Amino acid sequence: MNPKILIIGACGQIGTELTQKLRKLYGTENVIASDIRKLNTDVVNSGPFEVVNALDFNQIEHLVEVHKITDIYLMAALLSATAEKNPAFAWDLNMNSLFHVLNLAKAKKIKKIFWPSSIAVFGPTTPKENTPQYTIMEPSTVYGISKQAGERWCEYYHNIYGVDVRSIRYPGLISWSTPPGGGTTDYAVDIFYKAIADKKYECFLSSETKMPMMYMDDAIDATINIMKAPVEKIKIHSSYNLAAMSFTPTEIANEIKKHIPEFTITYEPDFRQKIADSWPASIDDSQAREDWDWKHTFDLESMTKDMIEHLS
């Protein structure tokens, strides 16, 4: 029997693609999209959609019951940069939405959970190159703190209540279908829109800020694959390191220049630079590849090509 999926925060940068891919694999009506915002987007009209506030346990419980949900992908949360502008609300949403979904699993109302963490769980004291799965983690942002506590609780619920909750620490994600939600790595998306539209871009991070990145297609495959994998293959119950690429603004701008020779870029770092400087440059995701066969397909060159094709 195919699972009955509920995607919370389906209108987001990831949710948009995740919902589409899941519907292709398991059927349009087997995947219910939900979000607090209901826009005339493609995801809302291309299948069952439900307005929901992930902050309200009763609203989620109700959708689980009326749509007989077995799997929940909790994507709703405020991102790294946005969360700094409203610490209180970010902590509230990011933590309590997770507690609601975890409690639904604890009560046996759902069977499986996917909840993404982020490379934001790492801090200034975390090794910057090939960051290990198990290492120092002292996040300096509200967002990172919420993701770290989230990981701790996911592991707790698994170990103590037997909840099947799976997670991955997505690096900075890049996509063409929906605008980012205010992460610190959003420049890797913006640069494409401005390069194509204005043929120039003003980057909010300094030129040599090396960071872990991943094309959305890869992020989606990772999400689906860890969830469809047999339970005995999920050996880490906090969150899996996940990697694909690592590059600086100079490098991605140079790759774009191969497609748009006249493209120019200037650098005007803002508060987001301080967040980036507290994160690693590259990630070691060996446990993910070993435990459930994770493998990325896009590198800087293939992603740049695919982005430009989609946007021009």
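We number the residues from 1 along the sequence you see.
For the pair 51-59 and 33-41, the record assigns the higher mean C-alpha temperature factor to 33-41. Looking at 86-94 and 144-152 together, the entry lists the larger mean B-factor for 86-94, computed on C-alpha atoms. The PDB entry gives the largest Cα B-factor of the residues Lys228, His158, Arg169, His100 to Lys228. Looking only at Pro212, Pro139, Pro179, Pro116, the residue with the top Cα B factor in the deposited structure is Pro179.
Placement of the Cα temperature factor of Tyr193 within the chain: highest third of the modelled residues, per the deposited record. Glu129 sits in the highest third of its chain by CA B factor, as recorded in the PDB entry.
Per the PDB record, residue ranking by Cα B-factor puts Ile220 in the lowest third of the chain. In the deposited entry, the Cα temperature factor of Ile8 places it in the lowest third of its chain's modelled residues.
Per the deposited record, the Cα B-factor of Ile265 falls in the highest third when ranked against the other modelled residues of its chain.
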